[PDB]
Each structure stands twice: as C-alpha cells, then as structure tokens.
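For neighbour counting, all protein chains shown are included, and Cβ atoms are generated from backbone atoms with ideal geometry for every residue, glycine included. Throughout, read-outs are computed from the coordinates displayed, never taken from laboratory work.
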Amino acid sequence: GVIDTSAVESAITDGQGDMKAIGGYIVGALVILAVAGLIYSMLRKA
C-alpha cells in the first residue's frame, strides 16, 4: 500500500505525552519482579 514517514510523523504526533508510555514503566517493573522471583526459588533450593 502507501507507506512513508507520514505515518511515522502522524503516528508520532498521535501520542502527545499521553498515558501510552506510563505503560513501558509498568513493563520495566515487571521484568524486575519476575527476574527476582527466579532468585527466591533458589533460596528454597535444599
């Protein structure tokens, strides 16, 4: 079809500092909580 920077520019604009990003942080904390989870599993290792 028709693809070019326009979509990028429009797409970019269609997200003026919205709550769509606060999400990525939601993910960041996720990776941390899980990674640690594997660690505790080890302390239980007997």
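Quick one: would you say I3 is surrounded by 10 or more Cβ atoms within 10 Å (Cβ to Cβ), of a type in the set (V, I, T) and more than 14 Å from the chain's Cα centre (by Cα)? Against the criterion (surrounded by 10 or more Cβ atoms within 10 Å (Cβ to Cβ), of a type in the set (V, I, T) and more than 14 Å from the chain's Cα centre (by Cα)), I3 does not qualify. Looking only at residues in the stretch 11-22 that are part of a helix (DSSP H, G or I) and surrounded by fewer than 10 Cβ atoms within 10 Å (Cβ to Cβ), which one is farthest from the chain's Cα centre (by Cα)? Restricting to residues being part of a helix (DSSP H, G or I) and surrounded by fewer than 10 Cβ atoms within 10 Å (Cβ to Cβ), the top hit is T13. Of the residues making up the stretch 35-46, those that are among the aliphatic types (A, V, I, L, M) and loosely packed, with under 10 Cβ neighbours inside 10 Å are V35, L38, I39, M42, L43, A46.
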